[PDB]
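Below: structure-v3.cif (mmCIF, C-alpha atoms and all ligand atoms)
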data_protein
loop_
_atom_site.label_atom_id
_atom_site.label_comp_id
_atom_site.auth_asym_id
_atom_site.auth_seq_id
_atom_site.Cartn_x
_atom_site.Cartn_y
_atom_site.Cartn_z
CA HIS A 1 103.27 40.40 89.59
CA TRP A 2 99.81 39.14 90.48
CA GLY A 3 96.86 40.05 88.31
CA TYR A 4 93.79 38.57 86.64
CA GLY A 5 95.36 37.00 83.50
CA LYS A 6 95.92 33.35 82.60
CA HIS A 7 99.47 33.26 84.03
CA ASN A 8 99.09 35.51 87.12
CA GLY A 9 95.39 35.30 87.97
CA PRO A 10 93.40 34.01 90.97
CA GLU A 11 94.40 30.36 90.44
CA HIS A 12 98.06 31.40 90.85
CA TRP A 13 97.75 33.66 93.90
CA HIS A 14 98.25 30.87 96.47
CA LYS A 15 101.95 30.53 95.49
CA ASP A 16 102.86 33.99 96.80
CA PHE A 17 99.94 34.12 99.30
CA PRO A 18 99.28 30.60 100.68
CA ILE A 19 96.35 31.96 102.76
CA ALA A 20 94.50 31.93 99.40
CA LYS A 21 93.55 28.33 100.35
CA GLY A 22 92.61 29.36 103.95
CA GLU A 23 89.53 28.77 106.10
CA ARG A 24 87.83 32.19 105.61
CA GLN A 25 88.49 33.37 102.04
CA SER A 26 86.33 35.79 100.06
CA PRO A 27 84.30 36.19 98.02
CA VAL A 28 81.69 33.44 98.40
CA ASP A 29 78.38 32.48 96.84
CA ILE A 30 75.49 33.62 99.02
CA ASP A 31 72.94 30.82 99.03
CA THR A 32 69.86 32.81 100.01
CA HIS A 33 67.90 29.80 101.17
CA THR A 34 70.71 28.63 103.52
CA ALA A 35 71.54 32.09 104.99
CA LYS A 36 69.96 32.28 108.45
CA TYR A 37 67.93 35.31 109.43
CA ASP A 38 69.49 36.52 112.66
CA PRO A 39 67.09 38.73 114.70
CA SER A 40 70.02 39.72 116.98
CA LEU A 41 71.71 41.59 114.04
CA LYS A 42 71.39 45.35 114.40
CA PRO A 43 70.62 47.81 111.60
CA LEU A 44 73.76 48.93 109.92
CA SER A 45 74.83 52.53 110.79
CA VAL A 46 76.38 54.28 107.77
CA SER A 47 77.52 57.84 108.69
CA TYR A 48 79.07 59.41 105.58
CA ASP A 49 77.91 63.08 105.94
CA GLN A 50 81.45 64.33 106.88
CA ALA A 51 83.41 62.14 104.46
CA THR A 52 86.54 63.82 103.00
CA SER A 53 87.67 62.23 99.75
CA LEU A 54 91.27 62.90 98.74
CA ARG A 55 92.47 61.16 95.57
CA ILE A 56 91.49 58.74 92.84
CA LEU A 57 94.15 56.23 91.64
CA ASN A 58 94.50 53.53 88.95
CA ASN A 59 96.49 50.92 90.86
CA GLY A 60 96.71 48.35 88.04
CA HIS A 61 93.93 46.20 89.60
CA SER A 62 91.04 48.69 90.01
CA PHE A 63 90.48 52.37 90.50
CA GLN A 64 90.45 53.48 94.11
CA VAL A 65 89.06 56.57 95.79
CA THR A 66 90.92 57.33 99.02
CA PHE A 67 89.50 59.20 102.04
CA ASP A 68 91.06 61.03 104.97
CA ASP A 69 90.93 58.31 107.66
CA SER A 70 92.76 60.37 110.37
CA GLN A 71 89.56 61.13 112.38
CA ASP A 72 86.11 59.62 112.89
CA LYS A 73 84.22 61.36 110.09
CA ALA A 74 82.83 58.75 107.74
CA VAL A 75 82.21 55.66 109.90
CA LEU A 76 80.45 52.34 109.78
CA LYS A 77 79.00 50.94 113.03
CA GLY A 78 76.26 48.57 114.15
CA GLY A 79 75.13 45.70 112.06
CA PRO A 80 77.32 42.71 113.08
CA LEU A 81 80.14 45.04 114.19
CA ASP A 82 81.54 45.87 117.59
CA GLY A 83 82.88 49.40 117.73
CA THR A 84 83.67 51.98 115.07
CA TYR A 85 85.15 51.52 111.60
CA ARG A 86 86.59 54.42 109.61
CA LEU A 87 86.03 54.71 105.82
CA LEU A 88 89.39 54.38 104.05
CA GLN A 89 88.68 53.85 100.35
CA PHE A 90 86.27 52.47 97.80
CA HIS A 91 86.89 50.64 94.57
CA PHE A 92 85.03 48.36 92.16
CA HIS A 93 85.30 44.96 90.46
CA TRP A 94 83.66 44.56 87.04
CA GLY A 95 83.38 42.42 83.96
CA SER A 96 83.99 42.44 80.24
CA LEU A 97 80.21 42.05 79.72
CA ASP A 98 77.23 42.65 81.99
CA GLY A 99 76.78 38.98 82.99
CA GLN A 100 79.96 38.89 85.11
CA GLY A 101 82.00 41.24 87.28
CA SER A 102 80.82 40.78 90.83
CA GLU A 103 82.93 38.91 93.34
CA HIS A 104 80.13 37.76 95.61
CA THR A 105 77.32 35.91 93.89
CA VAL A 106 73.70 35.43 94.98
CA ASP A 107 72.34 31.94 94.27
CA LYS A 108 75.18 31.74 91.67
CA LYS A 109 73.98 34.95 89.99
CA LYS A 110 76.81 37.28 88.97
CA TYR A 111 76.19 41.03 88.83
CA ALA A 112 77.87 43.37 86.32
CA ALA A 113 80.03 44.90 89.06
CA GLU A 114 80.57 45.17 92.81
CA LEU A 115 81.44 48.22 94.89
CA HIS A 116 83.61 47.75 98.00
CA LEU A 117 83.55 50.46 100.67
CA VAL A 118 86.48 49.59 102.89
CA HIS A 119 86.56 50.50 106.62
CA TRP A 120 89.01 49.68 109.43
CA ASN A 121 88.44 49.15 113.13
CA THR A 122 89.56 52.21 115.13
CA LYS A 123 90.63 50.05 118.05
CA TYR A 124 93.71 49.04 116.00
CA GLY A 125 94.71 52.65 115.21
CA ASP A 126 95.76 52.21 111.56
CA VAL A 127 94.81 50.02 108.62
CA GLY A 128 98.19 48.20 108.53
CA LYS A 129 97.60 46.97 112.09
CA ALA A 130 93.91 46.28 111.37
CA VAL A 131 94.69 43.91 108.43
CA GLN A 132 96.58 41.68 110.94
CA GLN A 133 93.41 41.16 113.02
CA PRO A 134 90.40 38.88 112.45
CA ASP A 135 88.00 41.80 113.13
CA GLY A 136 90.25 44.51 111.62
CA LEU A 137 88.23 45.54 108.50
CA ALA A 138 84.58 45.85 107.52
CA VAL A 139 83.85 45.93 103.81
CA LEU A 140 80.42 47.02 102.65
CA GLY A 141 79.74 45.32 99.32
CA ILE A 142 77.12 46.67 96.93
CA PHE A 143 76.12 44.97 93.67
CA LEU A 144 75.73 46.90 90.41
CA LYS A 145 73.25 45.93 87.73
CA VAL A 146 72.89 47.66 84.37
CA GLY A 147 69.79 49.71 83.65
CA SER A 148 69.15 53.29 84.73
CA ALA A 149 72.09 55.61 85.48
CA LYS A 150 73.26 56.23 89.05
CA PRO A 151 73.62 60.04 89.30
CA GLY A 152 75.94 59.79 92.34
CA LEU A 153 78.46 57.71 90.31
CA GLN A 154 78.80 60.24 87.46
CA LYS A 155 81.51 62.37 89.16
CA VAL A 156 83.63 59.20 89.35
CA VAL A 157 82.94 58.15 85.74
CA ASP A 158 83.87 61.60 84.42
CA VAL A 159 87.42 61.54 85.84
CA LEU A 160 88.40 58.01 84.71
CA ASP A 161 89.78 59.38 81.39
CA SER A 162 92.44 61.12 83.51
CA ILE A 163 93.67 57.88 85.20
CA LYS A 164 93.57 55.49 82.26
CA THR A 165 96.77 53.59 83.00
CA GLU A 166 98.42 52.01 86.03
CA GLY A 167 100.09 54.57 88.35
CA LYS A 168 98.00 57.58 87.32
CA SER A 169 96.15 59.51 90.07
CA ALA A 170 94.18 62.79 90.39
CA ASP A 171 92.73 65.14 93.02
CA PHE A 172 89.28 63.84 93.90
CA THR A 173 87.86 66.07 96.61
CA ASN A 174 84.26 66.63 97.81
CA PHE A 175 82.97 63.27 96.56
CA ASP A 176 79.92 62.16 98.59
CA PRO A 177 79.75 58.35 98.82
CA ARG A 178 76.13 58.53 100.08
CA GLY A 179 75.27 58.87 96.38
CA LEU A 180 76.38 55.24 95.79
CA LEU A 181 74.01 53.60 98.32
CA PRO A 182 70.74 51.75 97.54
CA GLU A 183 67.53 52.45 99.46
CA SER A 184 67.67 49.40 101.71
CA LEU A 185 70.49 48.52 104.11
CA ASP A 186 69.29 44.94 104.40
CA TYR A 187 72.42 42.76 104.32
CA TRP A 188 74.13 39.40 104.55
CA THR A 189 77.25 39.05 106.69
CA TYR A 190 80.01 36.50 107.13
CA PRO A 191 83.70 36.40 108.23
CA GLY A 192 86.11 36.55 105.32
CA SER A 193 89.14 38.06 103.66
CA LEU A 194 90.54 40.65 101.31
CA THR A 195 89.74 39.57 97.77
CA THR A 196 93.12 40.78 96.43
CA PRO A 197 96.63 39.86 97.64
CA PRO A 198 97.58 39.63 100.45
CA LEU A 199 94.10 37.96 100.90
CA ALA A 200 94.36 38.63 104.66
CA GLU A 201 91.62 37.04 106.76
CA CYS A 202 90.72 40.29 108.46
CA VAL A 203 87.32 41.20 107.02
CA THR A 204 83.76 41.25 108.35
CA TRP A 205 81.82 41.23 105.06
CA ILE A 206 78.53 43.13 104.88
CA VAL A 207 76.89 42.58 101.49
CA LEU A 208 73.75 44.58 100.72
CA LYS A 209 70.77 42.68 99.26
CA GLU A 210 69.64 45.58 97.06
CA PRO A 211 71.81 46.36 94.00
CA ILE A 212 72.28 49.83 92.62
CA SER A 213 71.48 50.39 88.93
CA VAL A 214 74.13 52.02 86.72
CA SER A 215 73.83 52.79 83.01
CA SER A 216 75.60 50.97 80.19
CA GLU A 217 77.49 54.22 79.52
CA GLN A 218 78.75 54.33 83.13
CA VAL A 219 80.02 50.73 83.14
CA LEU A 220 81.52 51.13 79.62
CA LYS A 221 83.69 53.88 81.09
CA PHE A 222 85.04 51.45 83.73
CA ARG A 223 85.93 49.07 80.90
CA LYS A 224 88.00 51.71 79.09
CA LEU A 225 90.56 51.72 81.92
CA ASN A 226 93.84 49.82 81.38
CA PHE A 227 95.60 47.27 83.55
CA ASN A 228 98.94 48.26 82.02
CA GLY A 229 101.12 51.26 82.61
CA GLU A 230 101.40 53.76 79.78
CA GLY A 231 104.75 52.19 78.63
CA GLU A 232 103.34 48.64 78.28
CA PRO A 233 100.94 46.97 75.79
CA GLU A 234 97.28 48.15 76.13
CA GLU A 235 95.19 45.57 78.03
CA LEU A 236 91.69 46.68 79.04
CA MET A 237 90.95 46.59 82.79
CA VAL A 238 88.03 44.14 82.71
CA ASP A 239 87.26 40.97 84.66
CA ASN A 240 89.17 42.15 87.76
CA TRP A 241 87.11 39.87 90.04
CA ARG A 242 88.09 36.86 92.12
CA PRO A 243 85.62 33.95 91.80
CA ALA A 244 83.68 32.51 94.71
CA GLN A 245 85.80 30.55 97.20
CA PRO A 246 84.85 27.57 99.41
CA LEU A 247 82.51 28.53 102.29
CA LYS A 248 84.11 25.86 104.56
CA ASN A 249 82.92 26.07 108.23
CA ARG A 250 81.14 29.42 107.88
CA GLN A 251 77.57 30.65 108.31
CA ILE A 252 76.14 33.55 106.30
CA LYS A 253 73.62 35.51 108.38
CA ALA A 254 70.81 37.68 106.96
CA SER A 255 69.68 40.90 108.66
CA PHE A 256 66.18 40.43 107.14
CA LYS A 257 63.39 37.76 106.85
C1 LIG A 301 95.17 60.47 106.49
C2 LIG A 301 95.33 59.96 105.06
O1 LIG A 301 95.67 60.68 104.10
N1 LIG A 301 94.79 58.76 104.79
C3 LIG A 301 94.65 58.17 103.50
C4 LIG A 301 94.84 56.68 103.46
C5 LIG A 301 96.24 56.15 103.66
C6 LIG A 301 96.33 54.63 103.60
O2 LIG A 301 95.85 54.22 102.31
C7 LIG A 301 95.55 52.84 102.13
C8 LIG A 301 94.68 52.45 101.14
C9 LIG A 301 94.40 51.10 100.95
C10 LIG A 301 95.02 50.13 101.73
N2 LIG A 301 94.73 48.75 101.63
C11 LIG A 301 93.52 48.24 101.24
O3 LIG A 301 92.50 48.94 101.35
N3 LIG A 301 93.47 46.86 101.00
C12 LIG A 301 92.32 46.15 100.61
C13 LIG A 301 92.44 45.08 99.71
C14 LIG A 301 91.28 44.41 99.26
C15 LIG A 301 90.01 44.80 99.67
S1 LIG A 301 88.58 44.03 99.10
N4 LIG A 301 87.51 44.97 99.38
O4 LIG A 301 88.49 42.74 99.76
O5 LIG A 301 88.69 43.84 97.57
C16 LIG A 301 89.93 45.87 100.60
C17 LIG A 301 91.05 46.51 101.09
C18 LIG A 301 95.91 50.55 102.74
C19 LIG A 301 96.18 51.88 102.95
ZN ZN A 302 87.34 44.79 96.42
#

Now, as a test, write the supplied structure out as structure tokens.
Amino acid sequence: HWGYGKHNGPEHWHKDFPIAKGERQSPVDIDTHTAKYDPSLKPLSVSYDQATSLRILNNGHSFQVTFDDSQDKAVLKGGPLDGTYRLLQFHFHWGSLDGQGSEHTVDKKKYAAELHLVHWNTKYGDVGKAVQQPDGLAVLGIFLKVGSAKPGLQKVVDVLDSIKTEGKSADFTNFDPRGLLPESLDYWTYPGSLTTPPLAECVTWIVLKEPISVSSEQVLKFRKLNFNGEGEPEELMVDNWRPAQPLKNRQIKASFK
């Protein structure tokens, strides 16, 4: 039922999901001058060498690459986190044009897109349990700007034609998510939520300062996806981002000076 249109979009979500008006919703605007450098924050540990991708799916809101999360292979640790978080899936949010698409903003600047690498805390055993906990998930957010192509994204781009409409999926094995990461792991962090229903307040957000560059041709391929199922009117999957939400009583911390 929920979506990104006039009648079912973000301004409507609170009716089915009242937590939409909660105390720790995401995304937020990152005011770079107000974020406090925190010298106690550790370097982020991203260990993706043994990642096992499984499938790629058009779920009607994004496309989603799923990983085998049944063992500690691809894990996120350190940074602001306590313990070990397993990589579950990644997906993107993007715009109709290059000047919008990101969920987080940086001094009100919107990027063309935002990549979410979604991890869950192994101390809760499974993602369904983890989403019921305030420290259950860690999402690594990476901004996309348009310029030079990202070679490590091309394998993703080249299969989107096969999952054009809602409910389509395909085999997507041997994808290496290290190819999606920028040089620097400098980050901002804050406590927040899922940015799609059920908007659960279970996420430690880790947003990298350095965007990746993707080509116009790569992002155009995102914008050829459809929100609709094949038996419904064609509606391009664009502008699948939630706008910035009130920061309320939260502090954004920087890992860097
Ligand atoms: C062993 C095996 O074969 N495992 C394979 C996975 C099975 C479970 O699959 C899954 C896959 C996905 C989910 N839910 C989500 O990820 N919700 C979510 C919503 C919004 C955000 S964000 N980033 O704020 O926009 C992040 C996460 C649950 C179970
Ligand atoms: Zn997301």

Report task. Skip residue 36 in chain A itself and residues of its chain fewer than 6 positions away, then list as number ranges by chain all residues within 9 Å of it, counting only C-alpha atoms. Result -> A: 251-255, 257

Per residue of chain A within 9 Å of ligand LIG 301 (chain A), record the nearest atom pair and its distance in Å to one decimal, counting only C-alpha atoms and all ligand atoms, with rows in chain order and ascending residue number, as CSV.
residue,atom,partner,partner_atom,distance
A:26,CA,A:LIG301,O4,7.3
A:27,CA,A:LIG301,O4,8.0
A:53,CA,A:LIG301,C3,8.9
A:54,CA,A:LIG301,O1,7.3
A:55,CA,A:LIG301,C3,8.8
A:64,CA,A:LIG301,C9,8.2
A:65,CA,A:LIG301,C8,8.8
A:66,CA,A:LIG301,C3,5.9
A:67,CA,A:LIG301,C3,5.5
A:68,CA,A:LIG301,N1,4.4
A:69,CA,A:LIG301,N1,4.8
A:70,CA,A:LIG301,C1,4.6
A:71,CA,A:LIG301,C1,8.2
A:88,CA,A:LIG301,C4,5.9
A:89,CA,A:LIG301,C8,6.2
A:90,CA,A:LIG301,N4,7.8
A:91,CA,A:LIG301,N4,7.5
A:92,CA,A:LIG301,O5,7.9
A:93,CA,A:LIG301,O5,8.0
A:103,CA,A:LIG301,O5,8.7
A:115,CA,A:LIG301,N4,8.2
A:116,CA,A:LIG301,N4,5.0
A:117,CA,A:LIG301,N4,6.9
A:118,CA,A:LIG301,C16,5.6
A:119,CA,A:LIG301,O3,8.1
A:120,CA,A:LIG301,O3,8.8
A:126,CA,A:LIG301,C6,8.3
A:127,CA,A:LIG301,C18,6.0
A:128,CA,A:LIG301,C18,6.7
A:131,CA,A:LIG301,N3,8.1
A:137,CA,A:LIG301,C17,8.0
A:138,CA,A:LIG301,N4,8.7
A:139,CA,A:LIG301,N4,5.8
A:140,CA,A:LIG301,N4,8.1
A:141,CA,A:LIG301,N4,7.8
A:192,CA,A:LIG301,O4,8.7
A:193,CA,A:LIG301,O4,6.1
A:194,CA,A:LIG301,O4,3.3
A:195,CA,A:LIG301,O4,3.9
A:196,CA,A:LIG301,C14,5.0
A:197,CA,A:LIG301,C13,7.0
A:198,CA,A:LIG301,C13,7.5
A:199,CA,A:LIG301,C14,7.2
A:200,CA,A:LIG301,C13,8.4
A:203,CA,A:LIG301,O4,7.5
A:205,CA,A:LIG301,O4,8.7
A:241,CA,A:LIG301,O5,8.7
A:242,CA,A:LIG301,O5,8.9

Requested in this report: Determine the nearest neighbour of ligand ZN 302 (chain A) from the options A:45, A:162, A:204, A:240, counting all atoms listed in the file.
Outcome: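 Among A:45, A:162, A:204, A:240, it is A:240 that comes nearest to ligand ZN 302 (chain A).
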
Query raised in the report: Which one is closest to residue 157 in chain A: A:63, A:94, A:143, A:124? Count only C-alpha atoms.
Result: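 Of the candidates, the smallest distance to residue 157 in chain A is held by A:63.
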
Report task. Would you please work out which residue, of A:81, A:44, A:75, A:142, is nearest to ligand ZN 302 (chain A) when using only C-alpha atoms and all ligand atoms? Result -> A:142

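Around the coordinate (80.0, 61.0, 92.3), residues that reach within 9 Å when counting only C-alpha atoms are residues 150, 151, 152, 153, 154, 155, 156, 157, 158, 174, 175, 176, 177, 179 and 180 of chain A.
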
Report task. For each of A:185, A:202, A:246, A:104, take the minimum atom-to-atom distance to ligand ZN 302 (chain A), counting all atoms listed in the file, then give the residue where this is smallest. Result ->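 Once distances to ligand ZN 302 (chain A) are computed over all atoms listed in the file, the minimum belongs to A:104.
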
Query raised in the report: Closest to residue 135 in chain A among A:106, A:187, A:170, A:201, using only C-alpha atoms?
Result: A:201

Report task. For CA of residue 191 in chain A and CA of residue 73 in chain A, determine how far apart the two atoms are, in Å to one decimal place. Result ->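 A separation of 25.0 Å between them.
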
May I have the residues within 7 Å of residue 101 in chain A as a PDB file with C-alpha atoms, keeping the file's coordinate frame, using all atoms listed in the file and disregarding those fewer than 3 positions away in the same chain?
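What follows is the written file out-v3.pdb:
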ATOM      1  CA  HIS A  93      85.300  44.960  90.460  1.00  0.00           C
ATOM      2  CA  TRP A  94      83.660  44.560  87.040  1.00  0.00           C
ATOM      3  CA  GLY A  95      83.380  42.420  83.960  1.00  0.00           C
ATOM      4  CA  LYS A 110      76.810  37.280  88.970  1.00  0.00           C
ATOM      5  CA  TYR A 111      76.190  41.030  88.830  1.00  0.00           C
ATOM      6  CA  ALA A 112      77.870  43.370  86.320  1.00  0.00           C
ATOM      7  CA  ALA A 113      80.030  44.900  89.060  1.00  0.00           C
ATOM      8  CA  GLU A 114      80.570  45.170  92.810  1.00  0.00           C
ATOM      9  CA  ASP A 239      87.260  40.970  84.660  1.00  0.00           C
ATOM     10  CA  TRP A 241      87.110  39.870  90.040  1.00  0.00           C
TER      11      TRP A 241
END

Query - Option closest in space to residue 159 in chain A, from A:58, A:184, A:189, A:96 [counting only C-alpha atoms] - result: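 Ranked by minimum distance to residue 159 in chain A, first place goes to A:58.
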
Query raised in the report: Residues at most 7 Å from range 1-14 of chain A, counting all atoms listed in the file, excluding those fewer than 2 positions away in the same chain, as a PyMOL selection string?
Result: chain A and resi 16-21+61+240+242

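CA of residue 222 in chain A to CA of residue 49 in chain A spans 26.1 Å [interatomic distance, one decimal].
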
Report task. Please indicate the distance in Å from CA of residue 164 in chain A to CA of residue 144 in chain A, rounded to one decimal place. Result ->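 Computing the Euclidean distance for CA of residue 164 in chain A and CA of residue 144 in chain A yields 21.4 Å.
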
Query raised in the report: Near residue 210 in chain A, counting all atoms listed in the file, which residues have an atom at most 7 Å away, once you skip same-chain residues fewer than 2 positions from it, shown as JSON, numbers by chain?
Result: {"A": [182, 184, 208, 212]}

Show me, as AutoDock Vina command-line options, the centre and edge lengths in Å to one decimal of the axis-aligned box that covers every listed atom of range 29-45 of chain A with 5 Å on each side.
--center_x 72.7 --center_y 40.6 --center_z 106.9 --size_x 21.3 --size_y 33.9 --size_z 30.1
